[PDB]
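A structural walkthrough
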Amino acid sequence: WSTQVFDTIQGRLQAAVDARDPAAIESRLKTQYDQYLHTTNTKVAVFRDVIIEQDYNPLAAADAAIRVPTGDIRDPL
Amino acid sequence: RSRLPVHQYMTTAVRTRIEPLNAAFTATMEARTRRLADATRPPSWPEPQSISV
Amino acid sequence: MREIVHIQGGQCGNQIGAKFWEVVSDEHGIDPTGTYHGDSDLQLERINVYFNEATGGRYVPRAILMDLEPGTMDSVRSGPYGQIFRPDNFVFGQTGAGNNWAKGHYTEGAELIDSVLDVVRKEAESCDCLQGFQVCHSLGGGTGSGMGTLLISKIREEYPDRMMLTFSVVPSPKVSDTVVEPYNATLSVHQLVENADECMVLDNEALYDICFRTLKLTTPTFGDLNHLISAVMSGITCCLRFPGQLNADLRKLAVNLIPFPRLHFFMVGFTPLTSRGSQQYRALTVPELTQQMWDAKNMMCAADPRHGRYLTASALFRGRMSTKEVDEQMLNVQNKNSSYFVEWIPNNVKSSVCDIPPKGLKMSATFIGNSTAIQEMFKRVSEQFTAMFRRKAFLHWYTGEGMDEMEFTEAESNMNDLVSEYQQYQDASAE
Amino acid sequence: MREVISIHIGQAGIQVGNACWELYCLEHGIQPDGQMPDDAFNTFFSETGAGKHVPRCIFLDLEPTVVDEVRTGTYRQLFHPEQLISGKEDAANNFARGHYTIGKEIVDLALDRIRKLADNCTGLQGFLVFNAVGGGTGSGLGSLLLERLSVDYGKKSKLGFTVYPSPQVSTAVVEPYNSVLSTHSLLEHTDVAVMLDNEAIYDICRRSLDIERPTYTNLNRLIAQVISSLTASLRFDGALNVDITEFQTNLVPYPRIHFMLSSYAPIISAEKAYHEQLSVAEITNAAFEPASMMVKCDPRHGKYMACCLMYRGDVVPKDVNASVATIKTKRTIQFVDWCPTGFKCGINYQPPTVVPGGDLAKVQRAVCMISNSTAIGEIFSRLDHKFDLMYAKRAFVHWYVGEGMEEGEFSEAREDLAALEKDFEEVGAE
Amino acid sequence: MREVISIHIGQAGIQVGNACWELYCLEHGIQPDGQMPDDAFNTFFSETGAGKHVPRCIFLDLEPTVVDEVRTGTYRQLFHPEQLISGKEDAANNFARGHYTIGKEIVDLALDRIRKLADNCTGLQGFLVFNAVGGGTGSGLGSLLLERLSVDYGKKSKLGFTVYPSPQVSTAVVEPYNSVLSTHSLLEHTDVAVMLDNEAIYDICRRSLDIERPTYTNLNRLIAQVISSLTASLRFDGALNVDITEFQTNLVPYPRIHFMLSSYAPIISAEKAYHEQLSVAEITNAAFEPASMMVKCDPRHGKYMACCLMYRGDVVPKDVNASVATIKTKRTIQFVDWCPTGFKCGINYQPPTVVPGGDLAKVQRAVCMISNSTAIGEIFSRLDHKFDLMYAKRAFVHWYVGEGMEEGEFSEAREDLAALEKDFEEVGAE
Amino acid sequence: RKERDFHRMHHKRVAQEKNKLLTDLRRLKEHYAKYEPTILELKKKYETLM
Ligand SMILES: Nc1nc2c(ncn2[C@@H]2O[C@H](COP(=O)(O)OP(=O)(O)OP(=O)(O)O)[C@@H](O)[C@H]2O)c(=O)[nH]1
Ligand SMILES: Nc1nc2c(ncn2[C@@H]2O[C@H](COP(=O)(O)OP(=O)(O)OP(=O)(O)O)[C@@H](O)[C@H]2O)c(=O)[nH]1
Ligand SMILES: Nc1nc2c(ncn2[C@@H]2O[C@H](COP(=O)(O)OP(=O)(O)O)[C@@H](O)[C@H]2O)c(=O)[nH]1
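Residues numbered from 1 in each chain as written, not as in the entry; some residues may be left out. Chains lettered and ligands numbered in written order. Part of a larger assembly, values for the part shown. Heavy atoms only, no water. Residues with missing side-chain atoms left out of burial classes, pairs and counts.

This entry lists cryo-EM as its structure determination method and reports a resolution of 3.5 Å.

On to the overall build of chain C, then. A tally of helices and strands in chain C yields 14 helices and 12 strands. Taking 22 Å as the expected radius of gyration for a compact globule of 431 residues, we find that chain C reaches 21 Å, a close match to that expectation. The C-alpha extent of chain C, read off along each of the three principal axes, is 60 × 60 × 45 Å. Summing over all exposed atoms, chain C offers an accessible surface of approximately 14,900 Å²; the carbon and sulfur share of this is 50%. Placing the 37 positive and 53 negative side-chain charges of chain C at their respective mean positions leaves the two points 5 Å apart. (Helix = DSSP H or I, 4+ residues; strand = E, 2+ residues; numbered from the N terminus. Rg over C-alpha atoms; globule rule 2.2 N^0.38 Å. Areas by Shrake-Rupley, 256 points an atom, 1.4 Å probe, with all protein chains shown as cover. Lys, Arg positive; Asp, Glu negative; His and termini not counted. Charge placed at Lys NZ, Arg CZ, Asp CG, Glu CD.)

Next up on the list: the site of ligand 3. Surveying the vicinity of ligand 3 reveals 17 residues, the closest of which are C:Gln11, C:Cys12, C:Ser138, C:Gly142 and C:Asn226. Ligand 3 sits at the junction of chains C and D, each of which supplies nearby residues. Interatomic distance of 3.3 Å between a side-chain N/O atom of C:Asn204 and a nitrogen atom of ligand 3. Considered on its own, ligand 3 offers 590 Å² of accessible surface; in the complex 92% of this is hidden by protein. Taken together, the elements giving at least two residues each to the shell around ligand 3 come down to α1 (10–28), α5 (142–158) and α8 (222–241) of chain C. Of all the elements, α1(C) adds the most residues to the shell around ligand 3, at 4 residues. A class-by-class count of the residues in the shell around ligand 3 yields 4 nonpolar, 11 polar and 2 charged. (Near = heavy atom within 4 Å. Polar contact = N/O pair within 3.5 Å; in protein donor to acceptor, adjacent residues only side chain to side chain. Nonpolar A, V, L, I, M, F, W, Y, C, P; charged D, E, K, R; others polar.)

A separate point is helix α6 (residues 181–194) of chain C. The terminal C-alpha atoms of α6(C), which comprises 14 residues, lie 20 Å apart, in line with the 20 Å expected from a rise of 1.5 Å per residue. Most of α6(C) is tucked away, with 13 of its 14 residues classed as buried. (Expected span 1.5 Å × (residues − 1). Buried < 20%, exposed > 50% of the residue type's maximum accessible area, 1.4 Å probe, protein only.)

All names here are of chain D. Where helix α6 (residues 175–186) contacts helix α12 (residues 377–393), the two axes come as close as 9 Å, and the packing angle between them is 120 degrees. Relative to α12, the element α6 is oriented oblique. Of the two possible hands of crossing, α6 and α12 adopt the one that is left-handed. Along its contact with α6, which presents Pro176, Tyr177, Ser179, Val180 and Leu181, the element α12 presents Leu383, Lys386, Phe387, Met390 and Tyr391. Among the residues forming the contact of α6 with α12, the class breakdown is 8 nonpolar, 1 polar and 1 charged. (Axes fitted to C-alpha atoms, helices over the stretch in contact; angles between N-to-C directions. Parallel < 35°, antiparallel > 145°, perpendicular 65-115°, else oblique. Left-handed = near helix turned anticlockwise from the far one by under 90°. Contact = heavy atoms within 4.5 Å.)

The next subject is the interface of chain A and chain D. Taken together, the contact pairs 34 residues of chain A with 33 residues of chain D. Buried surface at the junction of chain A and chain D, summed over both partners, amounts to about 3,100 Å²; 51% is from carbon and sulfur atoms. Looking at the side of chain A facing chain D, the largest losses of area belong to A:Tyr33, A:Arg48 and A:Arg67, adding up to 25% of the total buried there. Here chain A is connected to chain D by 6 salt bridges. In this structure, D:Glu425 and A:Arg20 form a salt bridge, with 3.5 Å as the shortest nitrogen-oxygen distance. (Buried area = accessible area lost by both parts, 1.4 Å probe. Salt bridge = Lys/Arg side-chain N within 4 Å of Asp/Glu carboxyl O.)

Attention shifts here to the site of ligand 1. All names here are of chain D. Neighbouring residues of ligand 1: 20 residues in total, closest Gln15, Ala92, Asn93, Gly136 and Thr137. At a separation of 2.7 Å, an oxygen atom of ligand 1 approaches a polar side-chain atom of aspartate 90. One of the side-chain N or O atoms of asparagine 198 is found 2.6 Å from a nitrogen atom in ligand 1. A total of 640 Å² of accessible area belongs to ligand 1 in isolation, and the protein chains cover 92% of it. At the level of secondary structure, the elements contributing two or more residues to the shell around ligand 1 comprise α1 (10–28), α5 (136–152) and α8 (216–235). Per element, the largest residue contribution to the shell around ligand 1 is 4 residues, and it comes from α1. Looking at the shell around ligand 1 residue by residue, the classes come out as 6 nonpolar, 11 polar and 3 charged.

Taken residue by residue, the interface counts 33 residues in chain D and 30 residues in chain C. When the two sides are added together, the surface that chain D and chain C hide from each other amounts to roughly 2,700 Å², 58% of it contributed by carbon and sulfur. Looking at the side of chain D facing chain C, the largest losses of area belong to D:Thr249, D:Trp338 and D:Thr341, adding up to 20% of the total buried there. For the pair chain D and chain C, the interface holds 0 salt bridges. Our count for the chain D to chain C interface comes out at 10 residue pairs in polar contact. Breaking the side of chain D that touches chain C down by element, the ones donating at least two residues are α9 (244–251), α11 (317–329) and β11 (343–348) of chain D. Top contributing element to the side of chain D that touches chain C by residue count: α9(D), with 6 residues. In terms of residue class, the side of chain D that touches chain C is built from 18 nonpolar, 8 polar and 7 charged.

Moving on, we get to the arrangement of the chains. The interface with the highest contact count, out of 9 pairs of chains in contact, is the one between chains A and D. As for chain E relative to chain C, no contact occurs, and the smallest C-alpha gap between them is 16 Å. With no contact between them, chain B and chain F keep their nearest C-alpha atoms 31 Å apart.

Residues and elements named next belong to chain C. Within strand β4 (residues 63–67), 5 of the 5 residues are buried, leaving the element largely enclosed by the surrounding structure. Covered by surrounding structure in β4 are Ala63, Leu65 and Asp67 together with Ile64 and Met66, the residues of both alternating faces. With 4 bridges joining them, strand β1 (residues 3–9) and β4 adopt parallel strand pairing. For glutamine 8, the partnering residue across the bridge sits in β4 and is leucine 65. Two elements, β4 and strand β5 (residues 90–92), share 3 bridges in a ladder whose sense is parallel. Each residue of the ladder has a partner; that of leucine 65, found in β5, is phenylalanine 90. Crossover connection from β4 via helix α3 (residues 70–78) to parallel β5: handedness right-handed. (Pairing = 2+ DSSP bridges. Right-handed = clockwise from strand over helix to strand, strands pointing away.)

Taken as a whole and judged by the stated rule, the model has 72 salt bridges over all chains. D:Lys344 is the partner of D:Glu246 in a salt bridge, and the nearest nitrogen-oxygen pair spans 3.8 Å. One end of the pair, D:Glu246, is in helix α9; the other, D:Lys344, is in strand β11, with 98 residues separating them in the sequence. The exposure class of D:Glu246 is buried, given its relative accessible area of 3%. Classification of D:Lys344 by relative accessible area gives buried; the value is 3%. Notably, a salt bridge pairs E:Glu199 with E:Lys296, separated by 2.7 Å at the nearest N-O pair. One end of the pair, E:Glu199, is in helix α7 (residues 198–207); the other, E:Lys296, is in the loop between α10 (280–288) and β10 (304–313), with 97 residues separating them in the sequence. Take E:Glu199: its relative accessible area is 13%, and that puts it in the buried class. Linked by salt bridges that have partners in common, A:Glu26, D:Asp384, D:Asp388 and D:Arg414 make up one network.

With that settled, the discussion passes to the sheet that holds strand β6 (residues 126–132) of chain D. All names here are of chain D. Pairing within the open sheet is mixed, and its 10 strands lie in the order β5-β4-β1-β6-β7-β8-β9-β12-β10-β11. Each end of this open sheet is capped by a strand with a single partner; those strands are β5 (84–86) and β11. Within this sheet the neighbouring strands show an average axis-to-axis angle of 20 degrees, counted without direction. Here strand β10 (residues 304–313) pairs with strand β12 (residues 365–373) via 9 bridges, running antiparallel. Directly across from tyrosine 311, in β12, lies its bridge partner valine 367. Where α1 meets the sheet, its contacts fall on β1 (4–9), β4 (57–61), β6 and β10, and the angle it forms with β1 comes to roughly 140 degrees.

Below, the discussion takes up the environment of C:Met377. Residue and element names in this part refer to chain C. The topology assignment puts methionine 377 in helix α12 (residues 374–389). What makes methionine 377 buried here is its relative accessible area of 1%. Between the C-alpha atoms of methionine 377 and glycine 38, which are 339 residues apart in sequence, the distance is 42 Å. Ignoring anything within four residues of it in the chain, the contact list for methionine 377 reads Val170, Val201, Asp203, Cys301, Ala302 and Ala303.

Here the focus is the nonpolar core. Counting residues in hydrophobic clusters, the biggest one holds 137 residues, and the most contacted among them are C:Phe394, C:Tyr398, D:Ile7 and D:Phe259. Look past the residues within four positions of D:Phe259 in its chain and what remains in contact with it is D:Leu186, D:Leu187, D:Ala193, D:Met195, D:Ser371, D:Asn372, D:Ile376, D:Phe380, D:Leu420 and D:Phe424. (Core = buried A, V, L, I, M, F, W, Y, C linked by side-chain atoms within 4.5 Å.)

This paragraph deals with the side chain of C:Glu108. Residues and elements named next belong to chain C. Topologically, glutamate 108 is positioned in helix α4 (residues 101–126). Judged by its relative accessible area of 10%, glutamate 108 falls in the buried class. Only 3.2 Å separates the side chain of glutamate 108 from the side chain of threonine 95, close enough to count as a polar contact.

Dropping the structure here:
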């Protein structure tokens with residue numbers, strides 16, 4: 001189970017989290033948080049599930065996330 | 001890079017609270033230290049070989 | 001004169017057991033002070049099955065309460081029927097298990113298990129003849145599941161031949177209470193497969209669905225679900241306590257229900273569960289009770305029987321009825337739904353009749369079905385356990401309580417093997 | 001039996017402790033003199049020979065003014081005189097001053113009194129450290145005390161309710177500096193760290209309470225209500241009892257990821273009260289609203305890892321189950337793939353008591369939602385450049401160096417926070 | 001179970017909604033404070049645990065005066081304070097101002113409150129949007145809100161009770177401009193739009209109510225009675241129940257053609273009351289009279305496509321069928337060849353309640369006729385040349401351009417209204 | 001596949017029965033290792049008596 005599932009998934013998590021440069025992460029989170037700050041300061045209120053997804057689209061942050069594929073499992077067999 | 005894996009990093013509070021987790025953290029530190037030695041060792045120079053005709 | 005040792009484990013198990021003892025005392029006419037006030041000879045005829053006679057006329061339940069935190073059994077003692085139990089039967093720790101099966105089975109259950117087994121042995125040795133033990137608890141919790149599995153293993157070692165009955169509240173499919181429920185359930189199922197001889201699977205969400213669709217309740221607290229479970233727990237053993245036209249003890253039910261020993265998980269149901277509104281509009285007939293009994297909504301288990309195949313099914317009726325009526329009704333059900341019943345078993349019905357119905361109901365019927373449908377429940381628990389276990393989230397606590405990480409692989413493998421048994425005996429062909 | 005030791009370090013710690021202990025006294029009926037006219041106070045109070053109840057709290061500060069305010073105020077006869085510990089010189093917003101030079105004797109006396117308090121407890125659920133990340137007393141002395149407690153006490157669960165600097169508005173200049181230092185300190189010493197931001201609480205007061213002029217007393221009242229809702233299950237019985245030790249087991253997927261957003265609901269004044277249904281589903285939705293969060297951090301940016309709900313009042317398991325099912329089905333709230341449940345619901349039969357003179361209304365239902373989410377790395381990204389921007393010029397670095405710190409210590413703290421950023425990205429990732 | 005969300009945009013919408021909610025409170029017995037001394041109110045109000053009933057309404061305006069009039073008036077404790085939404089700068093009769101520059105944040109908050117209101121409704125029959133076509137607030141902001149509602153809610157039946165500029169009399173100058181803009185905007189979003197004209201309602205008040213000085217209050221009271229008659233089938237049971245979803249299928253022949261004339265009967269003062277029999281046939285004839293139309297549009301010019309009649313009070317199906325048969329046999333009333341039935345009759349056992357201080361008399365029978373007819377294209381013909389006469393010189397175009405308009409938008413609106421004229425002529429012709 | 005499933009369940013049920021026999025053997029072995037020290041002690045007393 002370790003080698004087939006957990007070792008594979010952790011190896012694919014690495015070389016992706018490792019590949020992501022810390023400066024790029026800081027800049028990405030900064031653009032996101034400054035967009036949220038700007039919409040908070042300009043607009044009277046901020047609502048979830050109500051956004052215009054034009055001036056501020058928070059879900060882009062979730063889009064810019066590491067995705068890892070799947071292989072096979074021995075325990076479930 | 002080579003950051004310690006998330007599921008395996010025991011904070012000092014957790015290590016103090018749970019001794020087996022502290023032992024596991026020490027074991028993982030020992031393993032990571034050991035991993036460097038094999039790489040540093042020059043794996044070349046195979047054994048002398050006797051052929052015959 | 002065939003005694004049963006009741007054990008309650010965890011908060012959910014303790015609450016359900018308290019409700020069950022309240023129901024049993026109501027059936028036997030025992031007031032919360034222990035004196036008999038039932039005005040019926042049959043009630044005192046077999047009162048020794050659940051109770052022992054005290055120094056006076058008081059009757060003390062043969063119940064043992066376990067916990068790692070004192071608050072739950074403090075509430076139980078403050079409850080309406082908290083004073084019947086013997087104080088020596090209340091075994092508690094001081095720090096509750098943080099929904100950690102490892103804490104409830106290895107670290108904090110280890111010290112209390114000695115006292116638990118001491119009280120269990122004291123209660124068992126007093127019994128002239130022992131049918132077995134019944135443990136009421138909830139899968140998906142720390143102290144409940146952990147101490148339940150540990151005590152079940154200990155009692156299995158001590159009394160291999162005695163019956164072991166379990167009422168496990170499996171974590172619900174859709175809405176889950178705690179995060180580590182799949183972990184706890186996966187660890188508990190491995191022990192329950194090996195040790196417990198006979199097991200009932202219950203779901204909070206299945207109970208909610210039945211209480212809104214049949215009972216049509218508005219604000220069902222946990223007490224109502226506990227009441228339904230208590231009704232099932234009484235009806236499963238009413239044959240031991242009351243004379244029956246065709247009686248059947250726990251071992252008879254197990255023999256007629258369990259085709260292969262590892263396939264001992266059963267879904268239960270109680271009939272007639274009728275809404276307050278339709279009490280007059282419904283008519284109490286054996287065909288009515290059978291129709292409600294075989295409905296998918298009547299199962300207290302989330303898995304619907306329709307997807308799987310019924311390996312076996314027992315029906316314990318209570319009340320003055322015609323055995324011809326019961327047998328014809330259940331044979332008709334089998335013929336009508338033969339596709340849903342296993343072919344290589346000519347009769348999938350174990351019908352038993354008791355002559356004493358529960359109070360208020362002219363007649364009742366409890367259903368215990370071993371069907372391959374629970375395969376999907378175990379599959380869902382695996383789909384959650386694998387999702388967490390692939391990243392080892394929440395795993396470091398269990399690793400730190402002194403259980404090896406290989407034990408999780410063991411438990412998941414065993415549960416998946418059980419899933420394989422259910423599927424292959426679902427798709428097995430005769431000849 | 002369920003005792004919890006409360007520590008309040010720094011001005012902010014002591015001022016939120018004033019509100020917290022006022023709230024507990026009002027909840028348990030304890031008069032400010034010390035005594036009340038079963039045993040539900042044992043979690044916070046120990047009763048003495050006269051029947052007087054003394055809180056198991058310790059007010060630590062290097063500045064005498066804040067503590068003397070308590071010594072003179074209405075709660076002068078309640079707290080223990082030696083429990084109020086006062087220094088001579090303030091930390092002056094210097095982490096080095098509060099952790100290296102002045103804080104030594106004060107923290108030694110603090111451990112002495114903490115040992116005396118712990119010897120008065122049969123059991124000990126853990127510690128509740130209330131300080132202010134962003135000041136020398138709060139950061140340095142609090143970090144030192146956390147280190148000492150981790151060394152000696154060991155397995156006691158230490159919950160740090162830290163108040164972090166607001167993103168844009170702030171009152172200190174070296175606040176990023178000592179905040180990063182204290183964050184590095186408590187990343188390994190606290191068990192569950194709760195983030196609080198004054199800007200977010202100000203926004204909550206401005207919108208939900210309609211207070212155009214919020215102040216520290218208002219902020220501390222909301223914080224006290226949050227903490228009391230957190231601990232309510234220890235002191236009062238209810239369906240789905242929740243525990244201090246199981247906060248971790250249900251909340252901390254990995255030990256590093258133990259920083260937690262907090263959100264209270266409802267936050268409504270008396271005039272707006274009894275005007276809406278305030279049902280369980282609505283208050284849960286409000287608790288998951290971004291505005292209700294007490295930290296200036298959009299939850300939509302990250303993905304929730306775990307959410308522990310503490311309900312107070314007339315809440316039924318059906319209502320909590322249906323509300324959480326609706327939240328899960330909701331598309332905006334996004335959870336990680338590796339935590340399918342990610343929810344820990346716990347109800348209490350005791351509704352939240354209302355402090356007279358406050359703005360919060362008497363609501364029969366209340367929710368305290370404490371969430372471990374990867375979005376919180378975003379405020380850490382803010383502080384991480386607020387730090388390094390000044391650290392490039394080494395501004396105010398001589399002030400910290402003078403009291404026995406090194407450039408290596410700042411570098412190590414900033415590097416540890418960068419490692420925490422990497423950790424947040426990895427755990428958010430699949 | 002039959003909840004309908006009421007929206008009031010602009011001064012005219014809010015002022016007619018004042019009368020609407022006064023009428024609803026008087027009909028249901030709900031005192032203006034909020035609570036009343038079964039479940040017939042659920043269509044318009046949600047009741048709280050304390051017993052206070054709050055209307056499911058939203059008062060939207062960019063001007064503070066109209067909303068503050070409600071906030072100070074008798075209905076200050078009834079409506080939800082956050083439901084009353086007030087802007088800062090008025091739209092200045094500019095569609096671009098109300099739809100593109102000022103209206104964005106206001107409509108965002110409006111959708112938020114609309115979502116909150118709809119989440120409190122088990123069922124949702126639809127929306128009742130009350131605005132005034134011909135003003136920047138009503139036209140632009142209303143169009144934006146309708147577009148957003150169509151995008152998110154989708155198939156919910158939106159009934160736009162629009163007040164269109166009168167043929168000759170008017171109070172604005174750019175009213176044809178923003179009327180054309182709003183008509184183009186709402187041609188594709190609202191499901192049933194009801195036309196109302198101030199000139200026609202003034203004539204109704206003058207001839208029938210004998211009011212030589214009609215005012216906005218009387219106009220709004222008449223509109224409120226019409227809407228209450230329309231919605232009476234949702235709240236009160238009776239023979240031939242009529243539903244909001246039934247309105248569209250029984251009234252809208254083609255998706256483009258969804259504008260409706262409205263006419264109430266009887267409109268008689270108390271002095272002239274009880275001086276005629278007011279039988280079902282007579283009131284039906286009065287409702288079908290061209291003078292009774294609330295739009296300055298002679299029905300004799302066009303042909304009726306559908307006529308939905310709502311009867312309130314002591315009306316029997318025999319009487320209604322005799323009246324409608326007489327109407328059909330009448331030569332003056334002309335229906336299209338392809339709609340032989342053309343009638344949607346409904347009765348209700350609840351007579352229309354009389355507002356104290358109003359001019360309407362307590363009549364035991366009432367008819368609300370809502371008709372889809374091709375004659376309504378006449379008003380579109382009027383506004384189409386009122387538009388182009390100004391547009392040839394591009395008068396007042398720079399004002400709209402200043403808030404982000406182009407000549408292309410005006411051209412598109414004009415072309416779409418010409419297409420609407422063409423569709424009216426096409427459906428009218430055999 | 002039908003033949004494979006048939007042989008699978010035969011083999012598995014036989015293995016399960018073997019495991020059950022092993023558990024029973026463990027139980028009897030413990031139950032009589034309980035008795036054996038008494039025999040040893042009686043042997044010691046017997047030898048001392050001679
Ligand atoms: N929310 C909240 N924050 C507070 C309150 N009082 C102080 N703070 C915060 O606490 C920070 C400084 O606290 P302290 O470090 O304890 O100040 P001090 O007591 O003089 O100690 P030093 O500044 O370290 O010398 C400030 O940045 C404030 O933002 C309060 O009442 N409520
Ligand atoms: N039926 C009716 N119509 C009204 C009433 N009051 C105003 N109107 C009409 O409403 C039109 C304009 O409404 P609004 O756009 O809301 O006026 P506003 O609130 O100042 O907003 P802007 O004019 O766009 O800045 C006018 O042309 C009037 O004809 C009223 O009380 N009843
Ligand atoms: N039917 C029923 N279920 C309960 C009750 N209380 C808790 N549960 C459920 O039981 C599950 C397991 O909790 P449990 O094992 O008792 O927690 P523990 O005692 O700390 O181990 C939880 O997910 C609850 O949803 C109750 O009174 N009745």
